[PDB]
There are 2 protein chains.
Amino acid sequence: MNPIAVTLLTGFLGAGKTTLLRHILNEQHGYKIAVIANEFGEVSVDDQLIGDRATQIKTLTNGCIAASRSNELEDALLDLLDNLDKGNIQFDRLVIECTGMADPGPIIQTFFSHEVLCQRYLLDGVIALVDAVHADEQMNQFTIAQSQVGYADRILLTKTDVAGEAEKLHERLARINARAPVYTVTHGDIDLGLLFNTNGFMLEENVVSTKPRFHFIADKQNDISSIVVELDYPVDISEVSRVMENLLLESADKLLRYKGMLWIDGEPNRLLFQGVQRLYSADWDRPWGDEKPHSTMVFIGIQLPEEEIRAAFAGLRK
Amino acid sequence: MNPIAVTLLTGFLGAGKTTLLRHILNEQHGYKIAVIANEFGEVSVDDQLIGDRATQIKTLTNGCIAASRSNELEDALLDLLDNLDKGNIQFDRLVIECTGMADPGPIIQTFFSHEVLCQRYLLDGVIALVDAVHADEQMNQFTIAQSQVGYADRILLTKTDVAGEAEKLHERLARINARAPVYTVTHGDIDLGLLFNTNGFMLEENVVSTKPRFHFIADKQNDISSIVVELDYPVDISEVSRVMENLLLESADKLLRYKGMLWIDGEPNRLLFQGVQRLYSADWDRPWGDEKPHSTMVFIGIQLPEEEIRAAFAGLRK
Ligand SMILES: [Zn+2]
Ligand SMILES: [Zn+2]
Ligand SMILES: [Zn+2]
C-alpha cells in the first residue's frame, strides 16, 4: 500500500485559483488527482457515482476525480477509499480546496482523526495562494486571511507585476509565517507541480526559512505572527518536555503550527518536533557530528504570550 | 437510554468564564456535569482514570467530572461514554469550553460525525459570554469574536454595571444574531442555570427573538450579520428546495447557523428547518390550523449575499 498524498489549497478567493482548478480538472497534465471542492463548474464528466456516505464522486475525462463534500469531510475521505479499493476510481493525489473563509485547521485534523485515515492518507502540505493586490486589505479585515498564511507550508504570491512594490507584502508574510518559503511568480501562471512535494509535514531541522530582522514598529502589525526561539545551550529532556506541554496547553486555541530542532543534554542526535494546534509529535534524527549544536524553534499563532514562552525556555538554562 | 445534554461555552476570555468554570467544578450545585476544557486549575479531585483513548478523566468532590481533550474531541466523548456505561463515572450534562480564539464550528460538527454520538449526546445549545466593557473592541479586531456570538443560542451579557448603558451593544449583538435572546447578567457571578436548556438544536417555529428594526448605518458595522426573511406567500416544495441548496452551496464557508419555518403550497403543516454550516435538515411540524400561514427564516453568516438571497426567495413567488 502507498499512502495517498494530500494537498490543501487555501487562500482568499481570486481568479488565480479558478485558473489552477480548471487546469487540474480539464487538462491532460498526467497527474492522477482527486479534487474535493464546493463548486467545480463547467467540467467534462466521464462517469459519476454516489458513495455509501452520499459523496458525489465524478470521474472526469482527463482521468481525474471530482468529489463534493458535506459538513463531514470524513465521509468524502472514506467514500473515496471505498471506491478506490473497489476499483471504481483511481488516484494517488488528493487536493482539497479550502479557500475563502475556510479554516485549514479542522481540515488538517480530519486526517489524524481515525487510524484508517492516518494510514491511507498522508498530508503533503498546505499551499496558500496570495493575491499581491488585495492581500493587505484582506488580512486587515479578516483574521482567517492571516491564519491561512500561518498554516501554509508554501506560499504562492501572484500578481506582483500589477501590485507594484511587493516587498512590503513580502515582509508581512514573513512576519506571519517564518516557516514557509514565499514563491513570487512574476511572469507566467502557477505551475501545478508547485502544489506538490512540499515535505511540509515531515520533521525538519531547518524550521525557519525567512530569518526575522529588526523592525519593532512593524512587527506588531499582524495578529498572527511567528515567534522564533534560538538556544545556544542544551536542555534536559524531562524539563523541556514539561515546558512544551505547559506551553501548548496554555495557548492551545491560539497555536496554528509549530516546529523545532532541539539540543538535548547528553544526546548526540538532533531532536525534532512538529505540531498543528493540539496535535504534536517528536523524534530523533541526524547526529550533530562536527556541526555546532543548537536549538531552533518556531511557533505560529494568534496573540501568543511571547514573553512567557521565551522566559519558559530561558529557565531551562543551567 | 437518555441522551446527555451538551452545552458549548464560548466567548472571549475573562475572569467571568473563569469564575463560572471554577463554580461548576468546585461548588455543590446539584448538577451532574462533565467538563471538557484545556485547563481546570486547582480543583479537589476525588478519583482519576485514563480512558482507552488516553483521556484523563477526573471525578471531583462535588460529583462533577473533569476530562481533558486532545486535538481529536471524539476521543474524550467516546471515553466518557465507555466509563459511563462501565459505571466508573456518572453525569447527564456535558460542558465544553471553547472560549478565547476557539471556533464553535468544528466542535458542533463533532456531535453529528457518528451515530453513537448522535444517539448518546444531544446538543442543547451554544452559550456566548460577552463582556460589555470590551466586546466592541474585541469584535472590531477579531472576526471570531463576532462568529462566537453568531453561533450562540443564548447570549450572556456581563459587566453592564461597570459598562453602563450597553444599549448600543444590545443592538449590535442583535444585528449579529437575531436568533439568540440576550440575558443581562447582573453585577457578580453568572448563575449556572443560565447555561442550560436552550433547546437550540431542535426545530423551532419561533426562529427570531429580536425582530429586526431599521438602523441602516449601524447595520454595516459588523462582518457577521443576520438576514431575516419574511414571506407572506406559500412556496413550491421543489422550488424552495432548489433555492436553499444553491444558497447553501454558494455561501458554504460563510454560513454559521440558519433556521426557518416555511409555508409550503398545498401543505397544511408547517415545514421547519435548521442548519449549521454545511449540515442542514428539515421536517414537518405543527399544522397551521386557524393561525395565518407565513414563512420566517433567519440566516447568520459572514459577508452573506443578502441581495441574491432575498431575490432567490422573491423568485419563488407565483
Ligand atoms: Zn470521526
Ligand atoms: Zn436592548
Ligand atoms: Zn443588582
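Residue numbers begin at 1 in each chain, while the letters A, B, ... track the order of the sequences. Indexing begins at 1, ligand by ligand and atom by atom, following the structure's order.
At the Zn ion (ligand 1), the angle from OE2 in B:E74 to NE2 in B:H114 is 110° when rounded to 10°.
B:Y151 does not carry B:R179 over the face of its six-membered ring by the limits of under 6.0 Å from the centre and within 45° of the normal.
Between B:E230 and B:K211, at least one side-chain nitrogen of the basic residue sits less than 4.0 Å from a carboxylate oxygen of the acidic one, meeting the salt-bridge criterion.
Aromatic ring pairs are classed by plane angle as parallel below 30°, tilted from 30° to 60° and perpendicular above 60°; the pair B:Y121 and B:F111 is perpendicular.
Atom ND1 is the N, O or S atom of B:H170 at the shortest distance from the Zn ion (ligand 2). Of all N, O or S atoms in B:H187, the one lying closest to the Zn ion (ligand 3) is NE2.
B:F142 and B:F12 have their aromatic ring centers within a separation under 6.0 angstrom.
Distance check for A:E72 against the Zn ion (ligand 1): none of its N/O/S atoms falls below 2.8 Å.
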